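Student: Starting off with a structure, shown below.
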Amino acid sequence: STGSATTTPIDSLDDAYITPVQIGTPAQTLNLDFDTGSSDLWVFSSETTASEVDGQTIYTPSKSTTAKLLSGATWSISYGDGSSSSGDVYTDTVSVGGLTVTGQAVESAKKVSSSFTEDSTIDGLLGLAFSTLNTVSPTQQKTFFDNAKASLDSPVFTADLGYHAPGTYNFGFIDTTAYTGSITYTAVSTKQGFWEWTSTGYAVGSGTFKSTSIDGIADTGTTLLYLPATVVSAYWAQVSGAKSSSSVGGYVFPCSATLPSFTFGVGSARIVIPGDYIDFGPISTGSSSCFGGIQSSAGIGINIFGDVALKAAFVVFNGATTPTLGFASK
């Protein structure tokens, strides 16, 4: 089998992407944030504290004839951005772009933190990291991809995120029309449960490439590119007027400035992030100070190749027995 679904930016800055997902019978369609940095499929629901729901579409398991309580199961997650959610668990039929999994764990939120409430466009998350990170207790549950894998034509999914435009998540096949050149594959460590890999270096604009190992994660659920402070400083030093602002919480720059591209290495291959992808607009409405899309990972504890990086490439998440990651230009 295969599936193919369009993923759409939630706003004009590509702060996140939402993908429609069918849950239950008859189908209830929720717009989920596909997140290769986590491993829980959780949704706003009829069980979510009323005061914490503000415009989201909810899953109502009592209206699904295929929903079954996963008795005794609970879940609780906290994300790198400080947000969180928790609740109980049903199994139900879940379809993405034509691909159907029966008995998928659907984690129903009883509580969500304010940032989730405040984002009317995201109805939940669909985790695509390794199932070892799944938070369901007492019985850890598998991701949608893990459940689908054996049925897929090939045990892979791909992320083709757009810049200020829709893109595509495919399951079970590689669309050879969606990228230019060749796909370069690179080793993955699953030791932390992430799609963790090592970039071979970077360049700033037309500058010479610096060969240096940068271990990080391919994370569709993170907006920006978070890299070591040395790398980030070298980037912003090439932007007139850019500065790190402790009050804002990262690098800012005047929008009158031209942003250089940023290149990262995948083996001997190179992915070029155009300068415009690094512009996240005014820090507040009407401000001449713009927020940067490349920020320091110092004190996150891990480097994160988030949407800023991934949307410059066609990315293969290869879930073969030994997982790997593939990157192509597009």
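Here chain A follows Swiss-Prot, giving residues 90-419 in order.
Heads up, header says this was done by X-ray crystallography, 1.5 Å.
Including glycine, each Cβ sits where the backbone N, Cα and C put it.
Pasting the feature list from Swiss-Prot:
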type	residues	note
DOMAIN	106-417	domain 'Peptidase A1'
ACT_SITE	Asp124	active site
ACT_SITE	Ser288	active site
DISULFID	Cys344-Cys379	disulfide bond
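Have a look at these and tell me how they're positioned relative to everything else.
Tutor: With a 10 A radius on its CB, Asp124 (active site) counts 22 other CB atoms from all the protein chains.
Residues within less than 8 Å, Cβ to Cβ, of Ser288 (active site) and separated from it by at least 6 positions along the same chain comprise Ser302, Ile303, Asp304, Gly305, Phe353, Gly354, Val355, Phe394.
According to DSSP, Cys379 (disulfide bond) sits within a strand segment.
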Student: How many other Cβ atoms are found within 10 Å of the Cβ atom of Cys344 (disulfide bond), counting all protein chains shown?
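Tutor: Around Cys344 (disulfide bond), other Cβ atoms within 10 Å: 15.
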Student: Name the residues of the same chain, 6+ apart in sequence, whose Cβ is under 8 Å from the Cβ of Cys379 (disulfide bond)?
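Tutor: Listed in sequence order, they are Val341, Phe342, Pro343, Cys344, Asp368, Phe369, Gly370, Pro371, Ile372.
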